[PDB]
Protein chains: 2
Amino acid sequence: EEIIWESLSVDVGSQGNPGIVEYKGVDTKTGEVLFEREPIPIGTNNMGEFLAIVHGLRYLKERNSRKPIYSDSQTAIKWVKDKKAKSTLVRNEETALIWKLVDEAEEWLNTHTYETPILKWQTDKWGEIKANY
Amino acid sequence: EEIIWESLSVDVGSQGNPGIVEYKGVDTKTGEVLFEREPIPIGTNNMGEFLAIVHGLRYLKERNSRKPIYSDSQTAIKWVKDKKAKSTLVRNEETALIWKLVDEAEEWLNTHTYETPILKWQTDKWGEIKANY
RNA sequence: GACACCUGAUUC
DNA sequence: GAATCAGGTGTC
Ligand SMILES: [Mg+2]
Ligand SMILES: [Mg+2]
Ligand SMILES: [Mg+2]
Ligand SMILES: [Mg+2]
């Protein structure tokens, strides 16, 4: 109910859905961009939302940080929880790159450990998420 | 598409949104101003766009004119089509006047008949609408 | 129902 | 940068 400022905020950005997807992670307190993914040709909002959290996880683990992660995506939070992204995006030559990243994400989620709390950003109370595009 | 010069062009003009709104109708061919609404204290762009078309309709009917009407407003064209303006503007003492006009507009749209074609001005091909402020 | 992502047309 | 509307997609 109270914003935990000592945290990382992620968000996806896109042009079309499915369409070009990118995502980044910033410091919730300052908004400093800590990581940003190079635009992927084709992917869904949710896939991008998902990859943003997994990426955030790896990023905190590499810096031995116990800060939680904020995502406004109800779908991605669950996918991360079950360590399983359940996307409908067709698998083919076009969407080959996003699916690569996605499979890798899940692989990492199963070959690694973390205690990082994954929090739901309450847009309906606090406004847009800090990493919002 | 070919521009139908034998027609009426309407547009809204405002200061803030919501804010002070006004609108006028001109001859598409010459730009002659055929009617102009006295500035309303508070209203939205779309409400002003909507009122501009309905006013245009009454204006053509009174002169027994079958000329079509041009509006660049996707929202207003649909509102006129359903004879129902779906605005979010709060209803209260401040916005009392604009809502009056709007209610009256819809009332007129239901107590009257017309064949007047309502055309979408293709700004992305022809430039600004002739009644543009 | 809910959480998101845009797309488009406008208004400043 | 910020507000007003309509349409369409990805998911729980
Ligand atoms: Mg998001
Ligand atoms: Mg966002
Ligand atoms: Mg207009
Ligand atoms: Mg204009």
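Heavy atoms only: backbone and side chains are in, while hydrogens, waters and symmetry mates are out. The chains referred to below are lettered A, B, ... by the order of the sequence lines, with proteins before strands, and numbering in each begins at 1.
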I'd like to check [X] versus [Y] (side-chain heavy atoms, cut-off strictly below 4.5 Å). Are they in contact?
| X | Y | answer |
| --- | --- | --- |
| B/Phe50 | B/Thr75 | no |
| B/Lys120 | B/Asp72 | yes |
| A/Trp79 | A/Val54 | no |
| B/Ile129 | B/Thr123 | no |
| B/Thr44 | B/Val21 | no |

Closest non-hydrogen atom pair, [X] against [Y]:
| X | Y | answer |
| --- | --- | --- |
| B/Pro68 | B/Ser7 | O-CB, 3.2 Å |
| A/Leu8 | A/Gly25 | CD1-C, 3.9 Å |
| B/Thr95 | B/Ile98 | O-CG2, 3.1 Å |

Nearest whole Å is fine: how far is [N] [atom2] from [X] [atom1]?
| X | N | atom1 | atom2 | answer |
| --- | --- | --- | --- | --- |
| A/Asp124 | C/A4 | CG | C1' | 13 Å |
| B/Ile118 | C/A9 | CD1 | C1' | 16 Å |
| A/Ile53 | C/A4 | CD1 | P | 12 Å |
| A/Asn132 | D/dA2 | CG | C1' | 14 Å |
| B/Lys125 | C/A9 | NZ | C1' | 14 Å |
| B/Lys78 | C/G8 | NZ | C1' | 14 Å |
| A/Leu89 | D/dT11 | CG | P | 7 Å |
| B/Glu128 | C/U11 | CD | P | 10 Å |

Short side-chain N/O contact from [X] to OP1 or OP2 of [N], under 4.0 Å:
| X | N | answer |
| --- | --- | --- |
| B/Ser87 | D/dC5 | yes |
| B/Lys86 | D/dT4 | no |
| A/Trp121 | C/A4 | no |
| B/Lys120 | C/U10 | yes |

Heavy-atom count check: over 12 atoms from other residues, nucleotides or ligands less than 6.0 Å from B/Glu6 CD?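 No, because the 6.0 Å sphere around CD of B/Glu6 holds 12 heavy atoms or fewer from other groups.
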Is it the case that atom NZ in A/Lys83 sees more than 12 heavy atoms from other parts of the structure closer than 6.0 Å?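 Check passes, neighbour count above 12.
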Quick test of your reading: applying ring-ring contact (aromatic ring centres under 6.0 Å, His included), list the pairs with at least one residue in residues 9-34 of chain A, sequence neighbours left out, ordered by first then second residue.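 Residue pairs passing ring-ring contact (aromatic ring centres under 6.0 Å, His included), neighbours aside: A/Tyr23-A/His55.
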Hydrogens and angles aside, do B/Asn17 and B/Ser14 bring a side-chain donor and acceptor to less than 3.5 Å of each other?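 Judged by distance alone, the side chains do not pair up.
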Near DNA chain D, which residues from residues 40-50 of chain A have a heavy atom under 4.0 Å away?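 Correct list: A/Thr44, A/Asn45, A/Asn46.
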By a strict heavy-atom criterion of less than 4.0 Å, which residues belonging to residues 91-106 of chain B are in contact with DNA chain D?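 Heavy-atom contacts with DNA chain D come from no residue of residues 91-106 of chain B; none.
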Selection: residues 68-76 of chain B, any non-hydrogen atom under 4.0 Å of RNA chain C: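 B/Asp72, B/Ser73, B/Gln74, in order of number.
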Heavy-atom contacts under 4.0 Å between residues 11-33 of chain A and RNA chain C, which residues?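 Of all residues in residues 11-33 of chain A, the ones placing a heavy atom under 4.0 Å from RNA chain C are A/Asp11, A/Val12, A/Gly13, A/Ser14, A/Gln15, A/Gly16, A/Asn17.
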Nearest-nucleotide 5' precedence on RNA chain C, A/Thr123 against B/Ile129: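 Its nearest nucleotide lies further toward 5', so the answer is A/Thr123.
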Just by modelled atom types, is the B/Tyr59 backbone N or O under 3.5 Å from a matching donor or acceptor in the B/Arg63 side chain?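 Looks like yes, one N/O pair under 3.5 Å.
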If only atom types and distance count, is the side chain of A/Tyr70 paired as donor or acceptor with the main-chain N or O of A/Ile3 below 3.5 Å?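 Checking the backbone N and O of A/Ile3 against the side chain of A/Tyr70, no donor-acceptor pair under 3.5 Å is found.
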Qualifying residue, where the test is side-chain contact (heavy atoms from CB on, under 4.5 Å) with B/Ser9 and the options are B/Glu128, B/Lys29, B/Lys130: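 Among B/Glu128, B/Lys29, B/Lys130, the one meeting side-chain contact (heavy atoms from CB on, under 4.5 Å) with B/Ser9 is B/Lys130.
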With side chain to side chain contact (heavy atoms under 4.5 Å, CB included) as the test, would you mind laying out the steps for A/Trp108 and A/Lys61 before giving the verdict? CA-CA 12 Å; A/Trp108 182 103; A/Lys61 193 175 185 65; 4.0 Å; yes
The single option from B/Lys86, B/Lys78, B/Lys84 passing salt bridge (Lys or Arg N to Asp or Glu O under 4.0 Å) against B/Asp82: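 Testing each of B/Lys86, B/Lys78, B/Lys84 against B/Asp82, the sole residue satisfying salt bridge (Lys or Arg N to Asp or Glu O under 4.0 Å) is B/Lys78.
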Under the 3.5 Å Watson-Crick or G-U criterion, the dot-bracket string of RNA chain C, with | for inter-strand pairs: ||.|||||||||
